[PDB]
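Worth knowing before you read on, the calculation uses all heavy atoms, side chains too, and leaves out hydrogens, waters and symmetry mates. Letters A, B, ... are given to chains in the order of the sequence lines, protein chains preceding strands, and every chain is numbered from 1.
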There are 4 protein chains.
Amino acid sequence: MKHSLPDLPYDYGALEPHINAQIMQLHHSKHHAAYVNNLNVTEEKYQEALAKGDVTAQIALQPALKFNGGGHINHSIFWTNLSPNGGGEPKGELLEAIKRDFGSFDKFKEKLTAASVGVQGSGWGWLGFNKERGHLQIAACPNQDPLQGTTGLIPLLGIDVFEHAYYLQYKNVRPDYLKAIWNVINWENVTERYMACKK
Amino acid sequence: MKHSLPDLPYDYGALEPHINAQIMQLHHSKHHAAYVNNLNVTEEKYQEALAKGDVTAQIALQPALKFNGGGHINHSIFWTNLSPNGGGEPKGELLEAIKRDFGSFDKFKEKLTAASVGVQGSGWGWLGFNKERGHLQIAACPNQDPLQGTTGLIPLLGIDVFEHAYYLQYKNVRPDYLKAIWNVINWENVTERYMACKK
Amino acid sequence: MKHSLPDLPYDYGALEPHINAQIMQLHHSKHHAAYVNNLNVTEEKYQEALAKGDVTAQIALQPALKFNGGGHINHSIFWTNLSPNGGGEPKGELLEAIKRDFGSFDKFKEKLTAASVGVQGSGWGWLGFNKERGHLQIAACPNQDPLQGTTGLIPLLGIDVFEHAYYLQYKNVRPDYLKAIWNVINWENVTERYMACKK
Amino acid sequence: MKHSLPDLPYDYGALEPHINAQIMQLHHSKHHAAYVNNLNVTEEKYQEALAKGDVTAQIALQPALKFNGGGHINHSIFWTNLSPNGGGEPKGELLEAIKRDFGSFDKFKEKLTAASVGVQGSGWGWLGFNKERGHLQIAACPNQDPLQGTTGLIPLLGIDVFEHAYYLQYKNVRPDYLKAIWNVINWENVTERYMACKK
Ligand SMILES: [Mn+2]
Ligand SMILES: [Mn+2]
Ligand SMILES: [Mn+2]
Ligand SMILES: [Mn+2]
């Protein structure tokens, strides 16, 4: 059982003019493809170390497993969080939960925008669901550290603030990239993930 | 006494075709200018906290002080480490030290290249001088963490592997950026820093 | 500003038999005294570095500032959170808040106990108040990293799980130390800190 | 692979009066036993996660794997580095190497002592061999982070500065524990590890 690079659920230029085709093609066919391959390489090395009981090799492989493994997790969710049919505001119970936990939808965007723009270096901004507390929660993750594996929160919406995700189009003005991405957020997908957390 | 953005010792397009003018202009006039301003803002906030004895505010300001403060340190050295008159190999005692500590100049480039390309996320690759041991030493730093402040090593040559330092020209192929930058390394400046470490 | 070691609100043997007198004496007159002394020395160096604009020295002093500065913050709160007249359960809105956010007082004890016992190495277990969300929140901190300075949460009740806090009496059985400390929790002080969080 | 708690090469009271019998008994039968048991449980979970491709579970298990896995590595080496027939100074090439890399045996003790006493919180002080550079090197590790797995250096002599390693006897005065441990250093074992580093 090996991990595979999931196909993009839309054309490279489907999110224009918010995210140009050059960024989408590089972000998926180059960056994500490398994470999957490196992930499969690390898993095979880790399996050999675990069979031999080489705990030293297991720990030496952790940085490569979390970075590439997290990259495969984060980017796989990122594509579904975007869509040419996205934008606007969510509906149903998710919208009610955003108003209840953050006050309003605009306030929520402000909190997630501040968490995303506040990331110093490479990282991610996430809207997650706290299963224990039963409400929403915003958190930032450094580098490719996945949300659930490092915080326990269930990812609902992630914003890649790696420079490779916007620099070609927005250069150093990360806020401009954060303002535009809200227009293509696939709230239908984010709603499916939210409803799955409640039973 | 406030920190200031040092002027670039050459034209934006002096390092072409290795580093295009668009990268140099953005890297200096936008990224570095922000580090200096944010650094001065943080120092003033830290001074107020220190006068009031507010240790909580001091610690809350550490991430902003190390990132912007380190950025001002790293980029100020980075410009002098490059030059249109650079490239080739160093001479004198520095070349002898590289051969003695790393075997050869090509081996040194291999070690610093591996440290630079091995940085997962944002960071820096550095050639430093270990004053205690009296020899050279290669080390990688995450994000803008400066070399001397976090390792004690005296910086001699730094390679910015932040994506903003090469993505516009080399995209995700960081190795291509590392291969080209060796042609514009200002070994005259790196020699001055090395000779200053010995007395 | 010259920080000072606060006088203990009680004699070293007031919390027996839950925390013996030898631990209290060492924890206050040796461990806490060292943080204050080292903190004052570090603050003086930070003042000298700021006057000279030595950013390298500032970053090099951060670990000592956070450890000793956080130690002064944490232990100063720890003494007030304990009392010979403590124990039992809180009353009023704090008890209602514990029931609301954690289900019941017993469930809250189980969650904070797991967080304190879960600390690998040295650290602290904290019950804090999230002013932005307006409810309670449990969090663990590594080493002496203070709660508010590193997380923003306002400390209400802290449990020192440094080995020096229980080893002399409970040895490696940290769970026994967690069970015994509930008998001396000064809920009057925790309520004061909880009321200070509200308008 | 089912890791096992290694038998001690001596009785618990063989290293008296430098390390009393109560510490040795607790450190081996309680502290080290917990790392092995928790390590075996964590490895089993890692095998289950790998078979299912659950990368989230793999990353969530890393802290427990590094702490307990590193604990098994460090303590297993620590017992062999000590002996009732130890003490004094090394001989042969190891002594020459200590003189070459650190000037003298006394200066080496001062450097490794400062590194061990300098650990803030829990950690380890290590004398290691850098195979790439072919000389000795001193390094400190936080918590149970093993030397080779996190730094690449081959461990030669380790000093446990976890509070549980000395507090019962020396209380908060860690320097006294560092001075006393030199009397039981098994330089015969350290030489074997140093000779294994060379062809
Ligand atoms: Mn990305
Ligand atoms: Mn840069
Ligand atoms: Mn303490
Ligand atoms: Mn130990």
Side-chain angles (χ1 to χ4, degrees), chain A residues 6 19 27 31-32 35 66-83 86 89-90 94-95 97-98 100-103 105-166 174-175 177-182 184-198, chain B residues 63 120-122, chain C residues 130 132-133 137 139 151-153, chain D residues 54-60 62:
Chain A
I19 306 174
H27 203 179
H31 292 279
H32 195 179
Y35 302 144
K66 182 172 64 171
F67 186 81
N68 298 284
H72 180 54
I73 294 165
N74 302 334
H75 291 79
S76 301
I77 301 168
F78 191 57
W79 310 135
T80 68
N81 299 138
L82 309 175
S83 175
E89 307 188 0
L94 175 62
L95 179 61
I98 287 168
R100 175 174 60 258
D101 297 329
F102 302 104
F105 176 77
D106 290 356
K107 286 182 177 181
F108 152 74
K109 289 191 298 183
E110 193 281 342
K111 295 297 182 182
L112 182 56
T113 295
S116 298
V117 71
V119 172
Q120 298 185 311
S122 309
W124 285 72
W126 285 97
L127 169 65
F129 184 83
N130 189 319
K131 187 71 220 306
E132 178 205 324
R133 299 290 296 270
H135 58 47
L136 304 170
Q137 181 172 342
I138 289 173
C141 304
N143 297 317
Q144 304 291 10
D145 292 8
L147 184 68
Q148 186 179 356
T150 54
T151 66
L153 302 173
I154 307 295
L156 304 180
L157 168 64
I159 306 294
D160 192 1
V161 296
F162 272 69
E163 284 178 338
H164 66 241
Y166 62 84
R174 187 190 295 179
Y177 160 66
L178 299 174
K179 295 167 185 174
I181 198 172
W182 291 109
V184 295
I185 299 291
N186 186 8
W187 289 112
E188 184 180 35
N189 172 268
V190 182
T191 296
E192 290 180 4
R193 297 181 176 275
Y194 170 76
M195 295 299 289
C197 288
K198 306 190 300 182
Chain B
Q120 298 185 311
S122 309
Chain C
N130 190 324
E132 290 73 10
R133 298 290 296 272
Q137 181 173 342
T151 58
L153 305 172
Chain D
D54 191 336
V55 181
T56 300
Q58 294 179 52
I59 294 168
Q62 283 185 346

**Message:** Using only atom types and a distance under 3.5 Å, with no angle test, would you say the side chain of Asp160(A) pairs donor to acceptor with the backbone of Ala165(A)?
**Reply:** no
**Asked** Between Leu147(A) and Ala139(A), which heavy-atom pair has the shortest distance, and what is it?
**Response** CD1-CB, 4.0 Å
**Atom pair CG/OG1 of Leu178(A) and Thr113(A) - distance to nearest 0.5 Å** = 5.5 Å
**Message:** I'd like to know if the side chain of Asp145(A) reaches the main chain of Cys141(A), judged simply by a donor and an acceptor atom lying under 3.5 Å from each other, with no hydrogens or angles considered.
**Reply:** no
**Asked** Nearest 0.5 Å, what's the CD1-CG distance between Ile138(A) and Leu153(A)?
**Response** 11.0 Å
**Asked** Closest heavy-atom contact between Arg133(C) and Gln137(A)?
**Response** NH1-CA, 4.2 Å
**Asked** What pairs with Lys111(A) under salt bridge (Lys or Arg N to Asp or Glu O under 4.0 Å), at least two apart in sequence or on another chain?
**Response** none
**Asked** Under 6.0 Å between ring centres, would you say that holds for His31(A) and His164(A)?
**Response** yes
**Asked** Any chance CD of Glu188(A) has more than 12 other-residue heavy atoms, nucleotides or ligands included, within less than 6.0 Å?
**Response** no
**Request:** Determine whether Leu82(A) and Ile185(A) make a side-chain contact, defined as any pair of heavy atoms from C-beta on separated by less than 4.5 Å.
**Result:** yes
**Message:** With heavy-atom distances below 4.5 Å as the criterion, would you say the side chains of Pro90(A) and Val190(A) are in contact?
**Reply:** no
**Request:** Return the set of residues passing salt bridge (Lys or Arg N to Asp or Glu O under 4.0 Å) with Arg100(A) (not counting sequence neighbours), or none when no residue passes.
**Result:** none
**Item:** Considering all heavy atoms, the nearest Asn143(A)-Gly121(B) contact
**Value:** OD1-CA, 3.8 Å
**Heavy-atom closest pair, residues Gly69(A) and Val55(D)** = CA-CG1, 3.9 Å
**Asked** So how far is it from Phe78(A) CZ to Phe162(A) CZ, rounded to the nearest 0.5 Å?
**Response** 11.5 Å
**Item:** For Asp106(A), salt bridge (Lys or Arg N to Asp or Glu O under 4.0 Å) partners two or more places apart
**Value:** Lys109(A)
**Fill in**
Taken to the nearest 0.5 Å, the spacing of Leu112(A) CG from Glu110(A) CD works out to 10.0 Å
**Prompt:** If you take all heavy atoms of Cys197(A) and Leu156(A), which pair is closest and at what distance?
**Reply:** SG-CD2, 4.5 Å
**Asked** How about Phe108(A) and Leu127(A): do any of their side-chain heavy atoms sit closer than 4.5 Å?
**Response** yes
**Prompt:** Are the side chain of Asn81(A) and the backbone of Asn189(A) linked by a donor-acceptor contact shorter than 3.5 Å?
**Reply:** no
**Asked** Is the closest side-chain heavy-atom distance between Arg193(A) and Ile77(A) below 4.5 Å?
**Response** yes
**Asked** Aromatic rings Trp124(A) and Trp126(A): how do their planes relate, parallel, tilted or perpendicular, breaks at 30° and 60°?
**Response** parallel
**Prompt:** Which atoms form the tightest heavy-atom contact between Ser116(A) and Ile159(A), and what is the distance?
**Reply:** OG-CB, 3.8 Å
**Min side-chain heavy-atom separation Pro146(A)-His72(A) under 4.5 Å** = no
**Complete:** Value for CG (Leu94(A)) from NZ (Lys198(A)), rounded to nearest 0.5 Å, stands at 8.5 Å
**Asked** Would you find a donor on one side and an acceptor on the other, under 3.5 Å apart, between the side chain of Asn186(A) and the backbone of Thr80(A)?
**Response** yes
**Fill in**
Residues passing the salt bridge (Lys or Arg N to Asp or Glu O under 4.0 Å) test with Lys107(A), sequence neighbours excluded, are none
**Request:** Could you list the residues that satisfy side chain to side chain contact (heavy atoms under 4.5 Å, CB included) with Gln62(D), not counting sequence neighbours?
**Result:** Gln62(A), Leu65(A), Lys66(A), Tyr46(D), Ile59(D)
**Distance in Å, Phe67(A) CZ paired with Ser122(A) OG, rounded so as to fall on 0.5 Å steps** = 7.5 Å
**Request:** Examine distances only and state if a side-chain atom of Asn74(A) and a backbone atom of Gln144(A) form a donor-acceptor pair shorter than 3.5 Å.
**Result:** yes
**Message:** Angle between ring planes, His32(A) versus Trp79(A), binned at 30° and 60°: parallel, tilted or perpendicular?
**Reply:** tilted
**Message:** When you compare the side chain of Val119(A) with that of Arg174(A), does any pair of heavy atoms fall below 4.5 Å?
**Reply:** yes
**Request:** Among residues two or more places apart or on two chains, list those pairs meeting ring-ring contact (aromatic ring centres under 6.0 Å, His included) that have a residue in residues 127-161 of chain A.
**Result:** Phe129(A)-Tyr194(A), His135(A)-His135(C)
